[PDB]
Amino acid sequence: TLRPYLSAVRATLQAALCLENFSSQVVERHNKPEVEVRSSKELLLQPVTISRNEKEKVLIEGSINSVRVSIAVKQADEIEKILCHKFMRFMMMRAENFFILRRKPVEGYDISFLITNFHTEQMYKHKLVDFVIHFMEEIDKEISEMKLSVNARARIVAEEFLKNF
């Protein structure tokens, strides 16, 4: 059920990343990501969701010049839950070097993206659609690696101590 989901997510990130520059209609000489300020109802598309199951899903919000993407990551148990939360927080702090990350997640999600017309301008939008998918994949992996890395040391550290008594 993984590839089916990532296929349905990809195609929606395809339709959604069709942006263009757009000067503010509300404010003089201003320019803002419409999906964020929502000050002009007609410029906002229909929010849509693509869910894999009752837990993992994605929210794609589009506007004439910006797309906001919110991923709900898989957290099988407590250990993954905190590892995930510590990993997303970690990247969000670096959102400035990540240029397409939202400093905070949309309430209800684990991570969020803010892709503006400027990004799709200086980055092959198809390659960006690949990133979001590449991303969703890699986080589930890295979380699994961290998980095993914790246990891998919990064992050595528990044997190292008991072997000495």
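Counting begins at 1, following the sequence as shown.
Stretch comparison (115-123 versus 49-57) by mean CA B-factor in the PDB entry places 49-57 on top. The stretch 134-142 shows the higher mean C-alpha B-factor when 65-73 is compared against 134-142 in the entry.
When all modelled residues of the chain are sorted by CA temperature factor, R89 is found within the middle third. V157: CA B factor in the highest third of modelled residues in this chain (values from the PDB entry). Per-chain ranking of the deposited C-alpha B factor places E28 in the highest third.
Per the PDB record, residue ranking by Cα B-factor puts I79 in the highest third of the chain.
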